[PDB]
Amino acid sequence: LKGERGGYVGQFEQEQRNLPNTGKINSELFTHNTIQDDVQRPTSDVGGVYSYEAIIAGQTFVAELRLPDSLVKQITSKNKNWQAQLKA
RNA sequence: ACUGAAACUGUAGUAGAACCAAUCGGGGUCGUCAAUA
């Protein structure tokens, strides 16, 4: 055998009878340059080219904000529709 | 127990060189056609 080393597994109940669904995150490499302004082309003095891997568009992620009841009281006493402010 | 910032995938480079839209041809000239009685 070899160990599993990454990716994300979905939900799994004590009698799932199936392997859990596996989510994969699509990522792409983007490549950029810096232009040395007097020669108007990349040069070693400006570092030339650099790359970023990025999580591409269209991916959907779930976070959770956890708050104690005392803060949720505090918020709700000031805005009853406060979870609507979390749309951004 | 707190998102790094900032950075043009740009710079130089003639889709071009060679290649016949061409070769041959008198604006010419004679007997055919029909089948019977």
Side-chain angles (χ1 to χ4, degrees):
Chain A
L1 301 177
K2 64 174 184 176
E4 301 292 0
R5 309 184 187 102
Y8 293 83
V9 292
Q11 291 296 318
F12 188 97
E13 301 207 331
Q14 74 176 357
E15 193 169 4
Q16 189 71 12
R17 298 292 183 168
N18 294 271
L19 295 180
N21 291 321
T22 296
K24 70 189 296 185
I25 295 85
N26 301 302
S27 177
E28 189 54 80
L29 192 79
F30 297 83
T31 305
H32 300 290
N33 70 33
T34 307
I35 301 294
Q36 188 189 300
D37 320 76
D38 59 348
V39 300
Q40 285 288 307
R41 45 162 189 96
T43 68
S44 192
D45 317 71
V46 296
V49 312
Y50 62 97
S51 295
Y52 300 150
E53 290 184 337
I55 296 185
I56 67 170
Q59 305 292 120
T60 307
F61 300 80
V62 181
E64 286 174 339
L65 170 74
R66 323 194 199 289
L67 294 170
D69 179 60
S70 60
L71 291 188
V72 171
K73 276 168 169 163
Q74 188 83 331
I75 303 155
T76 53
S77 76
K78 293 191 177 190
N79 184 352
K80 281 80 178 183
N81 309 299
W82 74 272
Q83 292 185 1
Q85 314 317 307
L86 299 176
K87 191 188 184 181

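Worth knowing before you read on, the calculation uses all heavy atoms, side chains too, and leaves out hydrogens, waters and symmetry mates. Chain letters run A, B, ... following the sequence lines, proteins first and then strands; every chain starts at 1.
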A.B. asks: Base rings of B:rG28 and B:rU29 under 5.5 Å apart and under 30° in plane angle?
C.D. replies: yes
A.B. asks: Which residue, A:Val46 or A:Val39, contacts RNA chain B at a nucleotide closer to its 5' end, judged by nearest heavy atom?
C.D. replies: A:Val46
A.B. asks: Count I, L, V, M, F, W, Y as connected when their side-chain heavy atoms are under 4.5 Å apart, and connections chain through other members. Are A:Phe12 and A:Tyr8 then in the same cluster?
C.D. replies: no
A.B. asks: If you count heavy atoms of other groups shown closer than 6.0 angstrom to CG of A:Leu19, is the number above 12?
C.D. replies: no
A.B. asks: Is B:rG25 on the north side or the south side, where north means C1'-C2'-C3'-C4' is positive?
C.D. replies: south
A.B. asks: When you compare B:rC30 with B:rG26, how far apart are their P atoms, in angstrom units rounded to a whole number?
C.D. replies: 15 Å
A.B. asks: Kindly label the base of B:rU23 as syn or anti, based on whether its glycosidic torsion lies within 90° of 0.
C.D. replies: anti
A.B. asks: How long is the straight-line distance from CZ of A:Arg66 back to CG of A:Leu71, given to the nearest 0.5 Å?
C.D. replies: 15.0 Å
A.B. asks: Please produce a list of atom pairs where a protein N or O lies less than 3.5 Å from an N or O of nucleotides 8-10 of chain B.
C.D. replies:
| residue | atom | partner | partner atom | Å |
| --- | --- | --- | --- | --- |
| B:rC8 | OP1 | A:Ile35 | N | 2.8 |
| B:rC8 | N4 | A:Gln40 | OE1 | 3.1 |
| B:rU9 | OP2 | A:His32 | ND1 | 3.4 |
| B:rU9 | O5' | A:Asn33 | N | 3.4 |
| B:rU9 | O4' | A:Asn33 | ND2 | 3.0 |
| B:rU9 | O2 | A:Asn33 | ND2 | 3.0 |
| B:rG10 | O4' | A:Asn33 | ND2 | 3.0 |

A.B. asks: Sticking with atom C1', work out how far B:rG27 lies from B:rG31, rounded to a whole angstrom.
C.D. replies: 22 Å
A.B. asks: For A:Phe30, report the nucleic acid contact type (base, sugar-phosphate, nothing); a contact means any heavy atom under 4.0 Å.
C.D. replies: nothing
A.B. asks: Partners of A:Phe61 by ring-ring contact (aromatic ring centres under 6.0 Å, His included), sequence neighbours excluded?
C.D. replies: none
A.B. asks: In terms of hydrophobic clustering (I, L, V, M, F, W, Y; side-chain heavy atoms under 4.5 Å; direct or indirect links), are A:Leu67 and A:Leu86 co-clustered?
C.D. replies: yes
A.B. asks: When Watson-Crick pairs (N1 to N3 and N6-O4 or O6-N4) and G-U wobble pairs (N1-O2 and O6-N3) count only below 3.5 Å on both distances, what is the dot-bracket string of RNA chain B, with | for other-strand pairs?
C.D. replies: .....................................
A.B. asks: Would you compute the distance between atom OG1 of A:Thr76 and atom CG of A:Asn81 and round it to the nearest 0.5 angstrom?
C.D. replies: 11.0 Å
A.B. asks: Honestly curious: do A:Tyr50 and A:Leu29 fall in one hydrophobic cluster under the side-chain, below-4.5 Å linking rule?
C.D. replies: no
A.B. asks: Would you measure the distance from the P atom in B:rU32 across to the matching atom in B:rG28 and give it in whole Å?
C.D. replies: 24 Å
A.B. asks: Hydrogens and angles aside, do A:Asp38 and A:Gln36 bring a side-chain donor and acceptor to less than 3.5 Å of each other?
C.D. replies: yes
A.B. asks: In terms of the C1'-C2'-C3'-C4' torsion, is B:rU32 a north or a south sugar?
C.D. replies: north
A.B. asks: Just by the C1'-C2'-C3'-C4' torsion, is B:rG10 north or south?
C.D. replies: north
A.B. asks: Are the side chain of A:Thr22 and the backbone of A:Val9 linked by a donor-acceptor contact shorter than 3.5 Å?
C.D. replies: no
A.B. asks: Just to confirm a value in my table: B:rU11 sugar, north or south, sign of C1'-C2'-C3'-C4'.
C.D. replies: north
A.B. asks: Please check, using ring centres under 5.5 Å and planes under 30°, whether the bases of B:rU14 and B:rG13 stack on one another.
C.D. replies: no
A.B. asks: Read from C1'-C2'-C3'-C4', is the pucker at B:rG28 north or south?
C.D. replies: north
A.B. asks: Kindly label the base of B:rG26 as syn or anti, based on whether its glycosidic torsion lies within 90° of 0.
C.D. replies: syn
